[PDB]
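Engineer: part one of the assembly, not moved from where it sits:
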Amino acid sequence: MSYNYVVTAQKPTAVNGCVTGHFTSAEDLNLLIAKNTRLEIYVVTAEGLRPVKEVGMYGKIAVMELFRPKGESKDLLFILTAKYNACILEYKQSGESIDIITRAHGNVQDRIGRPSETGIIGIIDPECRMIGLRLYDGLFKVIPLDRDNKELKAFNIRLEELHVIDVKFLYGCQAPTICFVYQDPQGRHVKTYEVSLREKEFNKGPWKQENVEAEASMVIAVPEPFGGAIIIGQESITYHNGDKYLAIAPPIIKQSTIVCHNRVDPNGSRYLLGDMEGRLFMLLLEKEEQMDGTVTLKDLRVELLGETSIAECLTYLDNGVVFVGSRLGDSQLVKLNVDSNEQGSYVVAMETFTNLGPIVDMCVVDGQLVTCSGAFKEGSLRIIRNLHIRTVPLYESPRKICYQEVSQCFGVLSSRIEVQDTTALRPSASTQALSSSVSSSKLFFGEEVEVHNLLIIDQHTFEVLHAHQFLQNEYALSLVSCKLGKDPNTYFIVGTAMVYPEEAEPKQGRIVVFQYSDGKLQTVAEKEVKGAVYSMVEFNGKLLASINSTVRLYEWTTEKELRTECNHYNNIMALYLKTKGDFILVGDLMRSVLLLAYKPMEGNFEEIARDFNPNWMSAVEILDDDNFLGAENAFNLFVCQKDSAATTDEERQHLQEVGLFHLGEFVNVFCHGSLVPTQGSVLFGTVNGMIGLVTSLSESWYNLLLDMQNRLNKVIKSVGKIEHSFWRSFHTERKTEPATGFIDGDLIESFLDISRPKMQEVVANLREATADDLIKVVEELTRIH
């Protein structure tokens, strides 16, 4: 009995994987980028990057490979969906048209194994004979490739070692061999096996096991002329190959860990390394011929090259240009020359792409959007007008935001990391202001302490007027600005909670309030409390904050003295809280959404209905009066209802689930507004970076759009042979149900792209409807976003 509509306004921008090779032809370089569910293909020219194709995929992309079977000219792709799909694609240039052909497709999924806490790992044999898939713990998967496995059969093999970190295929062997790093309560070691595709067993293993450091997390396979493997860990770069052992311990690798790697030369003499601070590194190998024989390495050396953004996918294109992907900031394009500029760097920049990054909080003000973005050293506020994006850089990690209409200023809570011998690292925006005030409240070596402060941002040219640093080991989590009681002045209210790094959950907090009237902000009330103030929302003139699994409603006397009125100790760690006008509110974070009511005749909370079948939540929003919205961490959406019935013991106390969906993203925040015939408009942001919009159509356009959605799937051609029904249906670890309710959105919006001859294949029998008479309903819906 619920009908909603979801449409994407901005495609995902964060990059989670990139590969390079020869795909379009045999005489051109191709760079392939897949953000979350997209697939961008570029051609690397001398001037820069030229785009040629961008296709969408049903399901998120989690692993990409690029191999070359014997007896061919152009290579073939390999993409596996996080929903455990599989496909092998090619590239065809038919005159002036470019389409992607599918050669093999199938499903590989086991309903027994648990998902390991490392991610899906995919490795392909350099000789193009095997494909490895480490999906579940202790289970290996082998896919033979003999131009006969058109359905991609597989057979699982047992692994005794449970904890596995990284797996790679070695070079220069007469049979497929693998090596990996496993962990047990003795210390991580490295062991190697030998996969047999004719007997389905691990036969011998080419060399004995060793002992490595306590933080080794990466394995690199060197090319043929050297042979062996490279393991890089925290302050330990090791080498093992048969009977050979070389190790180094540079001191310029201590402050940060290594994440990514990418080969540079086709011989293995040059490597690139990254870290979660920038610090583009560079590995070197030394060659030495031994009379009449092969080459043996002499020593290894690592040198600095400069700084970049936080990297998650690194590659070397050609001639000295390097593409750097990112997920917490922007993706750049750098050039490595042979010289030394001022301050001693070898890296310059010439391009900078756009990425909304992890949208933590979002607000609507006049339509216009002001949102937080990024984390650590990269990320700041963004202004999405109406889709021009304005960046106002600040070197901190924003957490929340709010707005007042009486002072023309925002409010942002940020964090800043500084180690002690406490003097920071780089000039940030939380310190370089024209006013500061340390919160004085007498009420209560080599480490990395975090400090939080509240800064006020004027909105005329986005300056930074005032800053207010909190106490030691004190985090800020909730902020709101509103009126209170009977007092003609708007205040600033911030909730906080002290965190100790040792034990459990916090047990203390504060409800400090502020007032930035003339030139600065003062403090009028603290009201120390026992618990964490995860969230707080302004009621009809009373405070309402969930205090660490306890919902309180604070009043406000004449003088500044906050005093509680009610108490509802029933929930377990209720973080998120929203209300709509009346005495309606919600809960979350250890169950599904429940509903409470406030009775003004006698101050007390009255439980109305709580929904069972636990679901971990990420954001809750109320739609009109009864249609509730939630967002599970399993990348799904659902809508609840009050379930009108009459039993007085099993009715009016159960919330019926009348809608399920699979967005595929991680919804982080909801809001009310519209940038630009439905009723209502709700926006949301995602971790990967995406703006959507949920509307509602009353009772009739649903039976016309759902009827078109089924018939539109038999004329469109999916890139990997997916029917769009398996992808968009509530896929959890255990349960799986078809999606009823939400319409497909972008699938309907794509109807205005197919050519005219294919138009008279859909809507052939429902007057009787025509192409011209129905090419305007899509136009009416293509103005909401």
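Structural biologist: Everything's here; your move. Numbers count the residues shown, from 1 in each chain, chains lettered A, B, ... in the order given.
Engineer: quick one, what contacts the closest residue to residue A:299 other than its chain neighbours?
Structural biologist: Spatial nearest neighbour of residue A:299, chain neighbours left out: residue A:286 (5.4 Å); criterion: CB to CB, 6 or more residues apart in numbering. (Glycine included, C-beta is placed from N, CA and C.) Residues near residue A:286 by CB atoms under 8 Å, 6 or more residues apart in numbering: A:297, A:298, A:299, A:300, A:301.
Engineer: would you write a PyMOL line that selects the buried entries of these?
Structural biologist: Of the contacts of residue A:286, the buried ones can be selected in PyMOL as follows, counting by 16 or more other CB atoms under 10 Å:
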select buried, chain A and resi 297+300
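Engineer: any chance of CSV for the contacts of residue A:286, columns secondary structure and distance to residue A:455?
Structural biologist: Listed next are these as CSV, based on DSSP: H, G, I helix; E, B strand; the rest coil; distance: CB to CB, whole Å:
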residue, secondary structure, distance to residue A:455
A:297, coil, 52
A:298, coil, 54
A:299, coil, 50
A:300, strand, 46
A:301, strand, 44
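Engineer: make a markdown table out of the contacts of residue A:286 and add distance to residue A:635.
Structural biologist: Shown next, in a markdown table, are the contacts of residue A:286 (distance: CB to CB, whole Å):
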| residue | distance to residue A:635 |
| --- | --- |
| A:297 | 46 |
| A:298 | 50 |
| A:299 | 48 |
| A:300 | 42 |
| A:301 | 44 |
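Engineer: chain B comes next; put it on the structure above:
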Amino acid sequence: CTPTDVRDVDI
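Structural biologist: Chain B goes in next, on the same frame as the chains above:
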């Protein structure tokens, strides 16, 4: 008549 307690039924 099968006993109602699990500790006195034969099997």
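Engineer: can you pull up the most central residue in chain B?
Structural biologist: Residue closest to the mean C-alpha point of chain B, counted by CA atoms, centre = their mean, is residue B:9 at 2.3 Å.
Engineer: for that residue, pull up the helix or strand it's in.
Structural biologist: Using DSSP states H and E, residue B:9 maps to neither a helix nor a strand.
Engineer: now it, nearest residue through space, not along the chain?
Structural biologist: residue B:3 (4.9 Å; CB to CB, 6 or more residues apart in numbering or on different chains).
Engineer: right, and that neighbour touches residue B:11 too?
Structural biologist: No. In terms of CB atoms under 8 Å, residue B:3 does not count as a neighbour of residue B:11; the distance is 11.1 Å.
Engineer: which of these two has more residues huddled nearby?
Structural biologist: residue B:3 (9 against 3; other CB atoms under 10 Å in any protein chain shown).
Engineer: OK, contacts around residue A:666?
Structural biologist: The contact partners of residue A:666, taken as CB atoms under 8 Å, 6 or more residues apart in numbering or on different chains, are A:618, A:633, A:635, A:686, A:687, A:688.
Engineer: off-centre distance for whichever strand or helix holds the first one?
Structural biologist: Right, the one you point to is residue A:618. Counting by DSSP H and E, the element that carries residue A:618 is strand A:617-622. Put simply, strand A:617-622 sits 18 Å off its chain's centre (CA atoms, centre = their mean, to the nearest Å).
Engineer: go ahead and add chain C:
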Amino acid sequence: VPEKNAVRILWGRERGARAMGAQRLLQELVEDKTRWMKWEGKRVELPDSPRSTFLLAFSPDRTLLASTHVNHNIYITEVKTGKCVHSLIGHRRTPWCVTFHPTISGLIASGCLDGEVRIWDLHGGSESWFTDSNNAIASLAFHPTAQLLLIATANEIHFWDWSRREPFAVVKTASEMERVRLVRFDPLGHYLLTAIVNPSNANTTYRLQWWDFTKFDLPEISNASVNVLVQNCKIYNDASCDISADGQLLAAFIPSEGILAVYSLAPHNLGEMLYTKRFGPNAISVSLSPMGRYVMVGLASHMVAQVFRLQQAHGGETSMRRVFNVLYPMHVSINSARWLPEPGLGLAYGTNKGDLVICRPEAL
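Structural biologist: Let me put chain C in with the others:
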């Protein structure tokens, strides 16, 4: 240390970190909670009037609960609501085990004291197979990947398949009074676990071996000296021995006065005794927490059960202490105290008078 504070865990989750076991730590925290709270028992209304309940088992994902009764039928209810949805009916005498199929869908087996296996299909469908000497069926266990079913009749194992009308393998146990009582598998379907009678000249004892079933090799039970794990123990039904969800732990009730012990099943310390405790001669059931950090022991003769938390790693009588005390919300006994599969949803115990109740945690 992979972080210990929820504030820094949610912060990492919000920006897509996924480092280490964040979800595991959150589940451990939510199970450490629900310890200072209170529990209320909600009853279940059954169609007919059963005078006793024996065994409980759950759905293959998480969302259904089965039940047996002396009334010669099997009832299936719903966990979320608490109402029966199906009433099987069809057996001649009381069943002894259910063994919900773990993999595909809604497939439920059933034993009896006359030698019948039904293999119901819920929404229509039922088969049958009979013994040759009107012997009872101790237990059954399915196989996750392959198409195979094991039946614990008198001292044979039949390895039946529900495609044809007859089994295809028979394995003996030498002498005739060494019967089989437990054939439960492992969560990943890589190992077996049998429990046969130890021969003697007093009360009967059992032996639990740990056979290997990796390459579908028929185990040889005729040898009583290979792959011993526990030696003496006491078994009543399928609820007298439980394996943790991860499969890294195994409980037992070895005697001599009965003492409780749990043995690790890891390949490197397979056989260590670890935790231990002494109980009286009235413990009937034992169940483990979904995360393997809490153990509930059902009592029979008011008090219903006791819950302990494993604390000290490798010995000492101080290991695990009382933290809980569940009470009947009023000559009544208890035959099952199994934990719900969800990490911290509640309890569910049977009643000697024929009552099924579900307990849930509530605050002050």
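Engineer: now with chain C: the contacts of residue A:666?
Structural biologist: By CB under 8 Å, 6+ apart, the contact list for residue A:666 reads A:618, A:633, A:635, A:686, A:687, A:688, C:16.
Engineer: among those residues, which are within reach of chain B?
Structural biologist: When CB under 8 Å from any CB of the partner chain is applied, no member of those is adjacent to chain B.
Engineer: picking up where we left off before, tell me the helix or strand right after the strand holding residue A:618.
Structural biologist: Criterion used, DSSP H and E; the element after strand A:617-622 is strand A:628-632.
Engineer: contacts for the helix or strand following that next one next, please.
Structural biologist: Toward the C-terminus, strand A:628-632 is succeeded by strand A:636-640 as the next helix or strand (DSSP H and E). Applying CB under 8 Å, 6+ apart, the external contacts of strand A:636-640 come out as A:2, A:4, A:6, A:592-593, A:611, A:615, A:623, A:627-632, A:655-663, A:667, A:730-732, A:741-742.
Engineer: also stretch A:622-632?
Structural biologist: A:2, A:578-580, A:584, A:586, A:588, A:592-593, A:595, A:615-621, A:637-642, A:655, A:663, A:667, A:670, A:680, A:682, A:684, A:694, A:696, A:732.
Engineer: switch to 7 Å and redo it
Structural biologist: For stretch A:622-632, the surrounding residues in contact (CB atoms under 7 Å, 6 or more residues apart in numbering or on different chains) are A:2, A:578, A:580, A:584, A:593, A:615-621, A:637-642, A:667, A:670, A:680.
Engineer: what's the end-to-end length of that stretch?
Structural biologist: Terminal residues of stretch A:622-632 lie 15 Å apart, using CA to CA, to the nearest Å.
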